[PDB]
There are 2 protein chains.
Amino acid sequence: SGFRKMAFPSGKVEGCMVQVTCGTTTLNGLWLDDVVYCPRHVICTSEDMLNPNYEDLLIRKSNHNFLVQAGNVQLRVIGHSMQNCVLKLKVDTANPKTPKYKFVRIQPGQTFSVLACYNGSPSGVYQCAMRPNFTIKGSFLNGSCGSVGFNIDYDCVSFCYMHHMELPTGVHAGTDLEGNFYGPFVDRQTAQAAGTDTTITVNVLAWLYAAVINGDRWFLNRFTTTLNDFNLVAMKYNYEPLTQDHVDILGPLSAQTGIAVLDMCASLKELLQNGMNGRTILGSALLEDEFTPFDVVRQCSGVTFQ
Amino acid sequence: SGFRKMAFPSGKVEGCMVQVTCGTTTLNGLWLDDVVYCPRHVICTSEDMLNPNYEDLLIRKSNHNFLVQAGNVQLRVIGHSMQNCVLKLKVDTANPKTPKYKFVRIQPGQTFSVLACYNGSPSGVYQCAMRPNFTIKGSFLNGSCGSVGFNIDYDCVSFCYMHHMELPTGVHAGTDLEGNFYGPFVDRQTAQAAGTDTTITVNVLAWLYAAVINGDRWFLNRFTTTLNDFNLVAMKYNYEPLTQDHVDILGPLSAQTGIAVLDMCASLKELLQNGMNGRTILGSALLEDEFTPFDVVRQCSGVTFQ
Ligand SMILES: CCN(CC)c1cccc(NC(C)=O)c1
Ligand SMILES: CCN(CC)c1cccc(NC(C)=O)c1
Ligand SMILES: CCN(CC)c1cccc(NC(C)=O)c1
Ligand SMILES: CCN(CC)c1cccc(NC(C)=O)c1
């Protein structure tokens, strides 16, 4: 027992990180098969970032201008192309440590692990969620662009995120591995504001189920509610509206705890209205929203879902 | 910027995890060079765990009774010995993925990463601290015994923890890799109670420095204090006493923030006396104590310490 924010083991992704240098800009790439993926802003000088025209900047770049280093080995670049906001560098050597993998574009509320990297070298791993405003709240310093986010199912790495930049408010924006930004952001050094960071209700519910399973039960109340009554409350507190799709994926936790989803919603409603009164749940004094229902069911062995 | 609870990349340790079966008990081992390390309770039946005599139980075990599996490959056991509460199984094959490594026994307050594993297969990674009562607050389900905790310095893995059991209160106990328990615990299925779980003051201070660096400054107050005045307050709130050794390792953060260590102590004292008044620090509504000063300096690039 116990319940922790837990990342995926990172070794499968570690073996894919490389350093990419163009001119005087160095960042991280992702080497899969014979392609290296990286943010296209590798081609920009810091001054170019103010108002880049990427197509124009790319005219002055050849294969031999992209330096790709995998530990000590230099990789030979034999082609390059731009796909949305990523560059794809064709190299002459397939990565021997390529894992089984897919590229997936996740929805807001979904969680994933980030392998923060500098100069192609992995430094740390942590779990993130895609916020409803399409930012993530990461930890990223100079040189971490091109660090990736992923999920693992058995032996298959699903890559869902590549880090591109930090907003003025200190939250993070990036792309899928086809180079499409999450949210409205662009790869330009011009101030860009995030929308409302609402709480991922379905995740808070999952985590409340996790707390019950671990014996944190003080917050369980005597009430139930309806989806509409609950949503009236959610909206007030900047919680995402709960739908029947959300209710459906909470089914295994309801069954384990014997606590009906709507009963748990009524407990959550009272927490929102009364606060926690200085108490904790799973060692937190706030309601945690970066565990999905699927995440919980992975750390609560006695939840039946498969 | 941003600040996250971040584990070490786990790939170096992933390549060392094996499954160890003895009779009908299966758990995890750590394969380094030609030795596999695992909890000695692998030899016990569930009934044996009530009151095991390990020396006596071991008389009835031979090399061929320990099944060691590395993925599909079965490893041949050519010797075994008990060292404190661990078994060392000599195998005929050195692990080809052995990293540079050391065994270290950590102090209370030190942090490390756990690679939670089942059947020799890594499932998740998270950061832990050794609590002042010599427990950890982990996430461990059936079959996770022999999962390890570690730190990485550049290319060298320092192993500091091996998981052995869960106390009745749902917290975790284990050994160093020489098989000595942290704290007073024993590998027997008899109820064992933990002492006071005090807060690691020096870590809370480090994390307050991390918050300042990231622009969370609301809690900075107008006061300073002394080590004795502060410690009078610490004791009341079940905080570890702060020493000049602690003050010394906070030196780089004081220098960066220009906030004297004692000034930060005075801010902490006011948080203890007044609470957080519904505010957050680094997205927490409580004072976080599982980041060391060394941990902070790794995610706050503009802290000068080397
Ligand atoms: C838009 C400008 N760019 C891209 C070069 C930018 C802005 C802020 C921060 C970072 N770097 C990280 C690691 O987020 C990168
Ligand atoms: C029904 C089983 N569970 C959670 C218990 C499940 C199954 C499919 C998808 C998701 N989705 C998320 C976001 O967790 C969750
Ligand atoms: C003392 C009995 N043992 C050892 C077999 C024990 C007790 C509780 C839990 C676990 N297992 C884990 C993963 O902690 C193991
Ligand atoms: C002085 C540099 N730092 C932290 C900034 C440092 C150096 C050596 C040891 C520890 N120790 C811990 C527990 O963090 C910390």
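Letters go in sequence order (proteins before strands), and every chain restarts at 1. For ligands, and for the atoms within them, numbers begin at 1 and follow the listed sequence.
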Query - Protein heavy-atom partner closest to atom 5 (C) of ligand 4 - residue, atom, separation in Å - result: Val297(B) CG2, 3.2 Å

**Report entry** Element-labelled atoms of ligand 1 that are located less than 4.0 Å from some non-hydrogen atom of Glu166(A)
**Finding:** 8 (C), 9 (C), 14 (O)

Query - Aromatic contact, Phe3(A) with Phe291(A) (centres under 6.0 Å) - result: yes

**Report entry** Worked verdict on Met264(B) versus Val212(B) for side chain to side chain contact (heavy atoms under 4.5 Å, CB included)
**Finding:** CA-CA 10 Å; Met264(B) 193 67 91; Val212(B) 169; 4.0 Å; yes

Query raised in the report: Any idea which protein heavy atom is nearest atom 6 (C) of ligand 1, and the distance to it?
Result: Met165(A) CB, 3.8 Å

Query raised in the report: What is the closest protein heavy atom to atom 14 (O) of ligand 1, and at what distance does it sit?
Result: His163(A) NE2, 2.8 Å

Query - CG-OG distance between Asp263(A) and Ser254(A), expressed to the nearest 0.5 angstrom - result: 8.0 Å

Requested in this report: Assess the pair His164(A) and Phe181(A): is the distance between their ring centroids shorter than 6.0 Å?
Outcome: yes

Report task. Flag yes if more than 12 heavy atoms outside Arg217(B) fall under 6.0 Å of its CZ atom; otherwise flag no. Result -> no

Requested in this report: Evaluate side chain to side chain contact (heavy atoms under 4.5 Å, CB included) for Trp207(B) paired with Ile281(B), printing each intermediate quantity in order.
Outcome: CA-CA 9 Å; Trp207(B) 172 87; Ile281(B) 300 174; 3.5 Å; yes

Query raised in the report: Would the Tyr126(B) and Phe8(B) ring centres measure less than 6.0 Å apart?
Result: no

Query raised in the report: At what distance is the nearest protein heavy atom to atom 13 (C) of ligand 1, and which residue and atom is it?
Result: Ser144(A) OG, 2.9 Å

Report summary line: Here the atoms of ligand 1 under 4.0 Å from any heavy atom belonging to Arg188(A) are 1 (C)

Query raised in the report: So, does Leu141(A) sit close enough to ligand 1 that a heavy atom of it is under 4.0 Å from the ligand?
Result: yes

Report task. For the pair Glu288(A) and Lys5(A), find out whether any cationic side-chain nitrogen is under 4.0 Å from an anionic carboxylate oxygen. Result -> yes

Query raised in the report: Does any N/O atom on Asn142(A) come nearer than 3.5 Å to any N/O atom on ligand 1?
Result: no

Query raised in the report: Can you tell which part of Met49(A) has a heavy atom less than 4.0 Å from ligand 1: side chain, backbone, both or neither?
Result: side chain

Query - Closest protein heavy atom (residue, atom, distance) for atom 11 (N) of ligand 1 - result: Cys145(A) SG, 3.5 Å

Query raised in the report: With a 4.0 Å cut-off on heavy atoms, is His164(A) touching ligand 1?
Result: yes

Query raised in the report: Salt bridge check: are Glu240(B) and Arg131(B) linked by an N-O gap of less than 4.0 Å?
Result: no

**Report entry** Nearest protein heavy atom with distance in Å, relative to atom 3 (N) of ligand 4
**Finding:** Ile249(B) O, 4.0 Å

Query - Numbered atoms of ligand 2 (with element) below 4.0 Å of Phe294(A), judged on heavy atoms - result: 4 (C), 14 (O), 15 (C)

**Report entry** Protein heavy atom under 4.0 Å of atom 1 (C) of ligand 2
**Finding:** yes

Query - Nearest neighbour in protein (non-hydrogen) for atom 4 (C) of ligand 1 - result: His41(A) NE2, 3.4 Å

Report task. May I ask you to say whether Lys61(A) pairs ionically with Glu55(A), meaning some side-chain N is under 4.0 Å from a carboxylate O? Result -> no

**Report entry** Proximal atoms of ligand 2 relative to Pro252(A) (non-hydrogen, under 4.0 Å)
**Finding:** 1 (C)

